[PDB]
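S.K.: Got an experimental structure here, sequence first:
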Amino acid sequence: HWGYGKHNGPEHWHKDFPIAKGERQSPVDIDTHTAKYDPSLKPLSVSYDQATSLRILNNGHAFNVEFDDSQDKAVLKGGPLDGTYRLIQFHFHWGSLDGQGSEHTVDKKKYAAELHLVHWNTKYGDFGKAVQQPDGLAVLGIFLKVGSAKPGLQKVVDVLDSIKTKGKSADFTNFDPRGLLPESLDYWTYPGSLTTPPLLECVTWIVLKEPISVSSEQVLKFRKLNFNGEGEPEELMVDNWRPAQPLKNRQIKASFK
Ligand SMILES: Cc1cccc([N+](=O)[O-])c1
Ligand SMILES: [Zn+2]
C-alpha cells in the first residue's frame, strides 16, 4: 500500500487515487511575490484553551496527537473561514536531514518539518462527512526550522519511544497545542487537498508565515520513529512529505502586507 518509499511513494499514488492529478492538490509552493494581500481576510481565531488531547498514535505514516472532537472545545474560526472548525488531530511531516521535510515550500525553500493541525467543519456533523465537502476541513500549517528548542514540543518528543512502530498508541492527555504556535498568526491561504491518500479536495489551507524553532535534538527524535510494525525490518520514519503540486487555477492570498 501507499507510503513514502521508491516503490510506493508520492509519484505512485495516482494509480490508486487518481485525484492525485486533480485541480486542487496540496501541498504547493508559496510564491511570496505573487501571493496578493487580501484586506478582506480576517484575523485568525485559534481557541484552544479548552482543548482535550487524548492519545498519540503511530499510524505508519506519521504520528497523530488526537483530541476529543465530540464538542466545540478547540476550534478554529475567522481567517478565510465561514463557520466553526473543530480540532481533531495534529501531526508532522519531516525529513531525513534538516534541508527538507516540509510539504509546503516558500519561494522553493523547504523547512525541516511542517506541523498540520487538522480541523473539520461542524456544519457537516462528523469528520467522515466533512472530507466529502469542498469546505469540509481547515488545516493550519506551521513550518519548523532547526535552532532553539521548542519547549512546548518536548512532551511530544519524549513519548515517541513508546510508539516507535506502526499501530502503537499511548495515552496523551493534558497536552496544550498552544505551545506549538509561533508569535504571529499572519498567514497565506488557498484551497487544496489532503496531502496523503485519499487526497480529497476538501481543505482550506491556512499556512502561517512565521516558523517555529525546534532543536536538532527534537527533530532527531522524530527520525527514530519507524514506518514498519513491531519486529519488522526497521525502516526509519523520515521523508514522510509529499512534494509541491501544480497550483493550476488557484490563487494564494496573504493576510498581511
Ligand atoms: C487521511 C487524512 C486524515 C486527516 C488529515 C489528512 N491530511 O491533512 O492530509 C489526511
Ligand atoms: Zn499532514
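M.R.: Good, I have the coordinates. Numbers count the residues shown, from 1 in each chain. Ligands and ions are numbered 1, 2, ... in the order given.
S.K.: quick one: the residue of the stretch 1-150 of the chain found nearest ligand 1 and residue 148, what's the gap?
M.R.: At 4.6 Å from ligand 1, residue 118 is the closest residue in the stretch 1-150 of the chain, using CB to the nearest ligand atom. C-betas here are computed from N, CA, C, even on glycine. Relative to residue 148, residue 118 is positioned 26 Å away (CB to CB, to the nearest Å).
S.K.: do the same with residue 203
M.R.: Distance of residue 203 to residue 148, given as CB to CB: 30 Å.
S.K.: For the two, indicate the residue with more neighbours.
M.R.: Taking other CB atoms under 10 Å, residue 203 and residue 148 do not tie; residue 203 has more neighbours (26 against 11).
S.K.: Who does the more buried one form a beta bridge with?
M.R.: The partner list for residue 203 in beta bridges (DSSP bridges) reads residue 137, residue 192.
S.K.: I'd like to know how far it sits from residue 138.
M.R.: When residue 203 is compared with residue 138 (using CB to CB), they lie 7 Å apart.
S.K.: what does residue 14 give?
M.R.: 25 Å.
S.K.: Among these two, which residue is more densely surrounded?
M.R.: residue 138 (29 against 13).
S.K.: I'd like to know how many residues surround the nearest residue to residue 166 once chain neighbours are set aside.
M.R.: Counting by CB to CB, 6 or more residues apart in numbering, residue 166 lies nearest to residue 60, which is 3.7 Å off, once chain neighbours are set aside. When neighbours are counted by other CB under 10 Å, residue 60 registers 19.
S.K.: Show the contacting residues for residue 60.
M.R.: Going by CB atoms under 8 Å, 6 or more residues apart in numbering, residue 60 touches 3, 166-167, 227-229.
S.K.: For ligand 1, what is the nearest residue in the stretch 101-250 of the chain?
M.R.: Closest point on the stretch 101-250 of the chain to ligand 1, by CB to the nearest ligand atom, is residue 194, at 3.3 Å.
S.K.: do you know how far the residue lying closest to that residue once chain neighbours are set aside is from residue 92?
M.R.: Leaving aside its chain neighbours, residue 194 sits nearest to residue 200 (5.2 Å; criterion: CB to CB, 6+ apart). Distance of residue 200 to residue 92, computed by CB to CB: 20 Å.
S.K.: No more questions from me, cheers.
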